[PDB]
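Visitor: Below you will find the structure I want to go over with you.
What follows is calculated from the coordinates using simple rules that are stated; it is not laboratory data. Backbone-built Cβ (ideal geometry, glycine too); neighbour counts: all protein chains shown.
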RNA sequence: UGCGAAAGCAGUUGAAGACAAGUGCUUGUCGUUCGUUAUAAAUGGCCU
Ligand SMILES: [Mg+2]
């Protein structure tokens, strides 16, 4: 997941997520939490969705 | 002697519409931001963010209304608070069933069931900013088309009325 | 030593009002003693406080108004300014202020229904009516040089006699406005002057380990109850069924049937609080109704906590054990023991 | 409840109806990098069979590692077998032993049967 | 998110005789000094006390070596004829020695000038003089007179007891731990005789038959005694009075034997046994006395000893040779204003309510090749593989790692003959090894399929492949031959 | 840098107070200062690890 | 009475701070501990403590969100490349700021910092910012809650100190 | 399952099992506040 | 794609519509349909 800083076009990353990111969102009055949807495409038999709520402070999984 | 019963949960629900992007997640974080509501295919789980545990689970099988309605239907969105009226939630389904449920408590066997009147529409999205509610609905080149209606509650008739805005 | 300058349980024993100084200003707060309410809702810490807006102003005496008696819960506060404040906790605002003409500090206060009696450092009695909010009568009785305490004897539904003590105890008749009897008190100033039953009232003094039980009708010392260390607070159960005294060293002592060798009796049961680590937590107040005893201690700096125990089944010497933070390794719910994120998958290592 | 996900095991507690762990039991490009474009054609090793001994202290796992395409060794699947242990308090299985190409070369391990309690107090297994 | 997994080094299936934990420890006795003595060094003993100096008996003298300096610090040369022992006391203060004249002398250890007590034990040679471990005051001396007198230091004029019953030379004496009364002596008769000093004595309580001359008897434990004689050593249990085990791995006749217990090695107990074949081998009593390590020396070994359990310093293995050579192997073991300035670093929160620990442990530095793969530098990762002084195993992984990633052709696009030869050079060598043969097969296949045209125009590349063709052809013969062996080996079964 | 190196300046007169600090006031190597939002409390830290507290009677 | 008398500190008191409303005093130092005291003027007992392993406390400060008064937080920093935040009794909720979003070169240590209030005039919302002191005249401004990098200010020469002023415009 | 009951899994990822007074008003108000 | 072992043994990859480009004609495409079991290439690589 890449945070693009548009002022200078820089960026920060959170790599090695459990799966590819179907969706992203900024969830909070101040953007405290990021809500992400992951897919885990390894399993082709079924679609394996995982909902992740990350604390924007230190980018640690608040709720998986 | 033996008996069969469901025990555990299932895959998280998702807005399985190809056209919509950025609105796939239907889970909502409470106004007080102390717990997250996530709808599954067969239940709705309320997790406490601070402790990272499932404080409450609302099973469709236990409730008669939910059992009939969902057990195909799927929750298209959850809205915090109760539109009709501090821990109520409004659940909008694909067909149009609107259900007012309560978490952080005991699920009442008689929720405030309602039904928005739709003619050959599949409800895709609902949303609000301040007391004003607009609903997006899908109607049918393999490309689906959309109409945007205005939703309001009339107390006298205790029904949801839809007025056309856009297509 | 104790951050809680003064404390007082309500008559029912369910709520405690305590006063402490924040920065240079005294604040008054009320907390629920019981763990959970009757409905089953868990009690919560009450953030609301009443602040005194003047540093010089202080609370000298704290008295509860009977919850059942009056529609609005209230606690009566004596102030060194020379005026008495009636405080309604729910509103969190001082409803009304009784002001004596003089500026002398109030030393004590006692209440029976509408009847309210105080005393100042000038040794002047007063009578106040809560319902009418008026000063009835103010008088000074000769030979009472000091008045460190006041308690109104519970006779019927009216006040016919008052108990007052500075170093010796005196009984005074309101109508005659003269002393009726004199008792030999303590050498030090009297601190507690509660009336256990008819013709039997206890007495205790500052820096003293002895409690004198006197007879109102006769005037002879029935008994002298003795505590292991100095006595700070006193609570009596029923009608002399049991007496619990909070010693200054932080231990609670219970006297069982003190009104039944015979001259000098010692405490029967001793209660203490010690944390799991080993530190002792002093007890600053206690309440005992029929068979339940309530123990209040301070955690943090001024957070009060409470515990209810059945003193009848407790052994003679009992030490409650409480979990207080001490070298607690901080475990955050979103990390495991090794600091790794809980959502993260464990890697493969041969 | 242990689910043999592709190249991993997902440990799920059905009493509490919540996941308890997700462990990679295999080598391969699994979370080292994000596969993109032709890299996405790669197949990670597949955990085919997973079984526990009766006492529950030993975990037996069977893997099939698929070679990359367009090489000489693009038709020799590698069969791997592994033995893991953990104490009950711990939550991560630690690999204790690894057998490369059991039963010979390119011969799959069709069945695994942990031994009963009578034979070597449940510290044995059969592979077929 | 999760931390990046470390690249896992490739480990091929185990081969015979991996390095054992026991072999690793004993291999650390690295530093070797070879000292030359006048005559055969017959006996070697270690002081039971710090600094645990050891005494070597050579010719007509005794020399004590410092443990840290590994050099002579004291020499006892008063002895006129050949010497035969240098055992210390349990307290380590006293040193006793025997002489061919039969006189036994006791000296203050570290004080050669002073002579405490001199005893004329017998007119015959007195080969063995050992202090009693439980009781300090009593000395036992065994002589060619075939009587093992038990002297007392206070009374030197007459032996406290005189044990007899040996029909040949007695050259071995041992005191059983926890049984002070018991004494064990072994003669060249082939019998190990046990005596009870508490009783009247002079007649063995029972005899144990070895069938060969017994060169040394050591009491390994309170109930077990190991006796080495002839071409084997046997361990006996007194409670059963029968041999539990026997090992005859030796070729020449065992001479000396020593035992050390509860030392920081993986093996809790060790038994070093000289062979007289130049071999001293370590036996582990816990495992039925099986071999675990061995050394070889120039000539026959007549004495072996190890530092006691409580060495408290560098350990030592000492081997004695009949040529006089002594072999030693050793396992080596601001301003005050500025400190009042920053004084809080030492504190560890011993008094604080809550302790919070979030620092991540420092991981080992990653090598150059691992960094390139992590940063997706495919071509450079191949280069870092083929550099001088790169471990072969470490080189195999980056080759496998690239193949696993599916980046083999990608690593070989931007190359010419100049930067292709390092790969071919390694492939010329790695093709021999069984482990890297298959990986060499894949990579060489690609480079040919990718640089056929460049091969024609470049001569140097051609000679590489000619030599490579010879080596692979050589391997085909070896691989074929192994199959033929398997064919015959199947016929036998 | 040096001990007892604390002064209080009155405003807007910009005149330093003279009665306090004195020679006897304990301050040590003053390294941290803090005024309470109300009550006029003054807390002064020093290198010895002692936080000494004063009250300004005026507030 | 001394504040530290109840529970002494083992290192210099590098920073002090009074809570905006409540009667608490915070002390931090190279002892790597955050000791909070209940300043009553007569006893001064210790409310709590928090030992931060390997995190020297060069400065500390309370923070109360200007809009949501219920919000309380403690920011601390040292000669380290990370900052700590403590939300406000079995455990302590502590979060670590260690990401500068591409400006890592300009900032080597969080040791000098201050917290102020910023109004987003386009939305009229108010929130906290953490200000840091950079390598060469750089001042880095981070969102107090999310930790995002918002803007940077530069001056010529070596930056030595800075301070914040508010200027009301209207209601 | 090692108990008497049996667990089965469904393609919908559903694991089923087959097997054999003024104070009281004052208390409420204080909690509200 | 079917079956089978992992080796392999048999069998497919069609038609219509529309758009763009070039010159009614040629080619390429399809978030268009029917039927059968049925190269890539926007300088673009993973934090503290
Ligand atoms: Mg000076």
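Visitor: Give me the distance between the Cα centres of chain H and the range D:1-49, rounded to whole Å.
Guide: Cα centroid of chain H versus Cα centroid of the range D:1-49: 31 Å apart.
Visitor: Distance in nm between label sites at residue E:434 and residue E:341, each 7 Å beyond Cα in the beta-carbon direction?
Guide: In this crude label model, residue E:434 to residue E:341 measures out at 6.4 nm.
Visitor: Next up: Between residue C:137 and residue C:90, what length comes free when the chain is fully extended (0.36 nm per residue of separation minus the Cα-Cα distance, one decimal in nm)?
Guide: Gain on extension, residue C:137 to residue C:90, equals 13.8 nm.
Visitor: OK, next. Distance from a point 7 Å along Cα→Cβ of residue E:137 to each backbone N in the range E:166-195: keep the residues under 16 Å and list them by number.
Guide: Under cut-off, by backbone N: E:181.
Visitor: Running Debye on the range G:1-125 with equal point scatterers at the Cα sites and no solvent, what base-10 log of I(q)/I(0) appears at q = 0.09, 0.10, 0.15 Å⁻¹?
Guide: Scattering profile of the range G:1-125, log10 relative to I(0): -0.29, -0.35, -0.76.
Visitor: Report, as a whole number in µm² per second, the diffusion coefficient that Stokes-Einstein gives for the range A:4-48 at 4 °C and 1.567 mPa s using the Kirkwood radius over alpha carbon pairs.
Guide: It comes out at roughly 102 µm²/s.
Visitor: Once Rh for chain D is found with the Kirkwood sum over Cα pairs, what is the Stokes-Einstein diffusion coefficient at 37 °C and 0.692 mPa s, in µm²/s?
Guide: 204 µm²/s
Visitor: Order these by the 10 Å Cβ neighbour count, fewest first: H:14, C:302, D:91. It would help to have the intermediate numbers written out before the result.
Guide: Numbers: H:14 17, C:302 21, D:91 14.
Taking fewest neighbouring Cβ atoms as first place, the list is D:91, H:14, C:302.
Visitor: Right, something else. May I ask you to order C:10-20, C:64-74, A:46-56 by the average number of other C-beta atoms within 10 Å around their residues, highest value first? Provide the component values of the computation, followed by the final result.
Guide: Values: C:10-20: 20.6, C:64-74: 16.7, A:46-56: 18.5.
Sorting C:10-20, C:64-74, A:46-56 by mean packing, highest first, produces C:10-20, A:46-56, C:64-74.
Visitor: How compact is the range E:1-62 by the rule of thumb for globular proteins, expressed as Cα Rg over 2.2 N^0.38 Å?
Guide: Relative to the rule-of-thumb radius for its length, the range E:1-62 sits at 2.20.
Visitor: Mean separation of Cα pairs under 8 Å and 6+ residues apart, divided by the residue count of the range E:171-245: what relative contact order is that in percent?
Guide: About 24 percent, as a whole number.
Visitor: Now for a different question. Given a Förster radius of 45 Å and the C-beta distance between residue B:140 and residue D:3 as r, what FRET efficiency does 1/(1 + (r/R0)^6) yield to the nearest 0.05?
Guide: 0.70
Visitor: Based only on other Cβ atoms within 10 Å, what is the fewest-to-most ordering of D:3, E:263, E:250?
Guide: In increasing order of surrounding Cβ atoms, one gets D:3, E:263, E:250.
Visitor: Let me know the Rg and Dmax you get for the range D:1-67 when you use only its Cα atoms, in Å.
Guide: 14.0, 45
Visitor: Given a cut-off of 28 Å, what percent of all Cα-Cα pairs of chain C lie beyond it? The partial results should precede the final answer.
Guide: Numbers: 29643 of 61075 pairs.
Beyond 28 Å sits 49 percent of the P(r) for chain C.
Visitor: OK, next. Please report the equivalent ellipsoid semi-axes of the range E:376-493, computed as sqrt(5 x eigenvalue) of the Cα gyration tensor, largest first, in whole Å. Could you put the intermediate results ahead of the total?
Guide: On the way: eigenvalues 172, 66, 30 Å².
Semi-axes from the Cα gyration tensor: 29, 18, 12 Å.
Visitor: Continuing with the same structure: Per residue Cα convex hull volume for the range G:47-111, in cubic angstrom?
Guide: 116 Å³
Visitor: Find the centroid of the Cα atoms in chain F and in the range C:11-39, then give the distance between the two in whole Å.
Guide: So the two Cα centres are separated by 36 Å.
Visitor: Thinking of the range B:23-149 as a set of Cα atoms, what percent of all their pairs are more than 23 Å apart? Let's see the in-between values first.
Guide: Values: 2569 of 8001 pairs.
Beyond 23 Å sits 32 percent of the P(r) for the range B:23-149.
Visitor: What does the average come to when, for each residue of peptide G:139-150, you count the partner chain Cβ atoms lying within 10 Å of its Cβ?
Guide: Average neighbour count from other chains, rounded to a whole number: 4.
Visitor: Quick check: the distance between the Cα centres of the range E:203-269 and the range C:226-273, to the nearest angstrom?
Guide: One Cα centre to the other: 77 Å.
Visitor: Still on this structure: Rounded to the nearest angstrom and ordered from largest down, what semi-axes does the equivalent ellipsoid of the range E:76-177 get from its C-alpha gyration tensor (root of 5λ)?
Guide: Working from the Cα gyration tensor, I get semi-axes of 20, 16, 12 Å.
Visitor: One quarter of the convex hull surface, Cα atoms only: what value does that give for the range E:208-340 in nm²? Please report the intermediate quantities before stating the final value.
Guide: On the way: hull surface 49.6 nm².
That works out to 12.4 nm².
Visitor: Against the empirical 2.2 N^0.38 Å scaling, what ratio does the C-alpha Rg of the protein assembly as shown come to?
Guide: Expressed relative to 2.2 N^0.38 Å, the Cα Rg reads 1.29.
Visitor: Next up: Let me have the relative contact order for the range E:6-160, percent, based on Cα pairs under 8 Å that are six or more residues apart.
Guide: After rounding, I find 13 percent.
Visitor: How much mean residue ellipticity at 222 nm does the protein assembly as shown get from its helices, if each DSSP H run of length 4 or more adds -39500 (n - 2.57) and you divide by all residues, to the nearest 500 deg cm²/dmol?
Guide: -2500 deg cm²/dmol
Visitor: Another question, then. Enter the mean projected area of the convex hull around the alpha-carbon atoms of chain E, in nm², rounded to one decimal.
Guide: 40.0 nm²
Visitor: Across the Cα atoms of the range C:28-105, what radius of gyration and what greatest pairwise Cα-Cα distance (Dmax) are found, in Å?
Guide: 14.6, 48
Visitor: Among the DSSP beta bridges whose two residues both lie in the protein assembly as shown, what percent are antiparallel, rounded to the nearest 5?
Guide: About 95 percent, rounded to the nearest 5.
Visitor: Using only Cα atoms, what Kirkwood radius does the range G:53-171 have, in angstroms?
Guide: Computed over the range G:53-171, the radius equals 15.3 Å.
Visitor: Give me the one-decimal nm value for the distance between modelled label points at residue C:179 and residue G:108, 7 Å along each residue's Cα-to-Cβ direction.
Guide: The two pseudo-label positions are separated by 8.2 nm.
Visitor: List the relative contact order of chain A as a percent without decimals, with contacts defined as Cα pairs under 8 Å and 6+ residues apart. Please list the in-between numbers first.
Guide: Values: 106 pairs, mean separation 13.6, N = 64.
Result for chain A is 21 percent.
Visitor: I would also like to ask the following. How large is Rg over Rh for chain F, taking Rg from the Cα atoms and Rh as the Kirkwood inverse mean of 1/r across Cα pairs?
Guide: Value, to two decimals: 0.96.
Visitor: Would you calculate the convex hull of the Cα atoms in the range E:59-108 and tell me its volume per residue in Å³? Could you put the intermediate results ahead of the total?
Guide: On the way: hull volume 3.8 nm³, N = 50.
Normalising the Cα hull of the range E:59-108 by residue number yields 77 Å³.
Visitor: Could you give the nm distance between label points at residue D:96 and residue D:110, where each point is 7 Å from its Cα heading toward the beta carbon?
Guide: Going from the residue D:96 label point to the residue D:110 one covers 2.9 nm.
Visitor: Turning to a different aspect of this structure: Calculated FRET efficiency, residue E:211 and residue E:286, Cβ-Cβ r, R0 25 Å, to nearest 0.05?
Guide: Values: r = 27 Å, r/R0 = 1.07.
Calculated transfer efficiency: 0.40.
Visitor: Exposure proxy check: A:14, E:423 ranked by fewest other beta carbons within 10 Å?
Guide: Values: A:14 16, E:423 23.
So the ranking, lowest neighbour count to highest, is A:14, E:423.
Visitor: Could you work out the mean count of beta carbons from other protein chains within 10 Å of each residue's beta carbon in D:84-92?
Guide: Averaged over the peptide's residues, the number is 1.
Visitor: What's the FRET efficiency of residue A:12 with residue E:221 using the Cβ-Cβ distance as r and R₀ = 41 Å, to the nearest 0.05?
Guide: For residue A:12 and residue E:221, the calculated efficiency is 0.05.
Visitor: What translational diffusion coefficient, to the nearest whole µm²/s, does the range E:351-430 have by Stokes-Einstein, given a Kirkwood radius computed over alpha-carbon pairs, a temperature of 4 °C and 1.567 mPa s viscosity? Each step should come with its number before you reach the end.
Guide: On the way: Rh = 14.7 Å.
The Stokes-Einstein estimate is 88 µm²/s.
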